[PDB]
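S.K.: Residue numbers (the authors' numbering): 2 to 76. For every residue, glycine included, the Cβ atom is placed at its ideal position computed from N, Cα and C.
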Amino acid sequence: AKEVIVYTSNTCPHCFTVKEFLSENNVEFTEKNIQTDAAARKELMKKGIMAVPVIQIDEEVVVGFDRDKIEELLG
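The following block contains the structure:
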């Protein structure tokens, strides 16, 4: 099972889709809210990303909800 991180915020209109897709497929994930967690925002910007929502499959970064890419990375 690959580590799944979801970078979210308090003003993210597309986070619900990603969270729902992951939860309905019973794929647990770590949520990091970059608006309330300065550490999370630092980690996200260190990898050169400033967007929301973001999905990290254990090293690989998906900006936005790329359904088939996520499905392929997770199996």
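(1) Mapping the DSSP letters down to three states, classify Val63 as helix, strand or coil.
(2) Taking only three categories from DSSP, how would you classify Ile6?
(3) Suppose only complete runs of 4+ residues qualify. What are the alpha helix (DSSP H) ranges in the stretch 22-73, listed by chain order?
(4) Per DSSP, what kind of secondary structure is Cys16 in: helix, strand or coil?
(5) How many Å lie between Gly49 and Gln57 at the Cα?
(6) Using 10 angstroms around the beta-carbon of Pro14, count the other beta-carbons present and answer buried if the total reaches 16, otherwise exposed.
M.R.: Taking the coordinates as given:
(1) strand
(2) strand
(3) 39-47
(4) helix
(5) 13 Å
(6) exposed
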